[PDB]
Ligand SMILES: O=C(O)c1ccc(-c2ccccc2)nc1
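Next up: a single chain in structure tokens, the form solved without this ligand.
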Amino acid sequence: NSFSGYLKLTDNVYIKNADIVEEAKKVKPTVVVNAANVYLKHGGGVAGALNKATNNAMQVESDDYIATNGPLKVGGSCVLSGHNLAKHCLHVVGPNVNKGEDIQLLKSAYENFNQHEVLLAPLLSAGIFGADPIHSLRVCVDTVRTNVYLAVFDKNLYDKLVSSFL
């Protein structure tokens, strides 16, 4: 869990302009967080980048879990293997705002982080799921009590998040 180069936003939330995959390779964290959907079908954002970095081992494990146990709930999570990226991957489902799921469920989604002392994580629902990134960051800061290291890959977005936090 060696995090370096992060900006301190609050006493327990830190942020860095980086690819979450590269950070996981360099930090070797106990938990990396994936922004998932309820079927753990890993798509065009963080999820597909994590899965590719595991040479599809994440998708095979995910398909098996879902076939055996059923889909997650929006706002829910499950802990699976971190493969070569981390010890554990916490798959969390934020609301899909573009499809009319309730943005209030973003608070439930972030509450999952509180079961883990330290996490490398992305901003939930702020990419393919269409939530406002600044709002996602505020919900994270207000909800999460454990230590969270956020990795934001796009520089223009990182800059806009940091400044709105002045």
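In case it trips you up, residue 1 is the first one in the sequence shown, and so on.
Unshown form solved in complex with this ligand; subsequent notes refer to it.
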query	finding
Heavy atom within 4.5 Å of this ligand in the bound PDB entry - residue from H135, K28, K107, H116	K28
Interface membership of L85, this ligand in the bound PDB entry, 4.5 Å heavy atom rule	yes
Those residues of 1-20 which, in the bound PDB entry, come within 4.5 Å of this ligand by heavy atom	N1
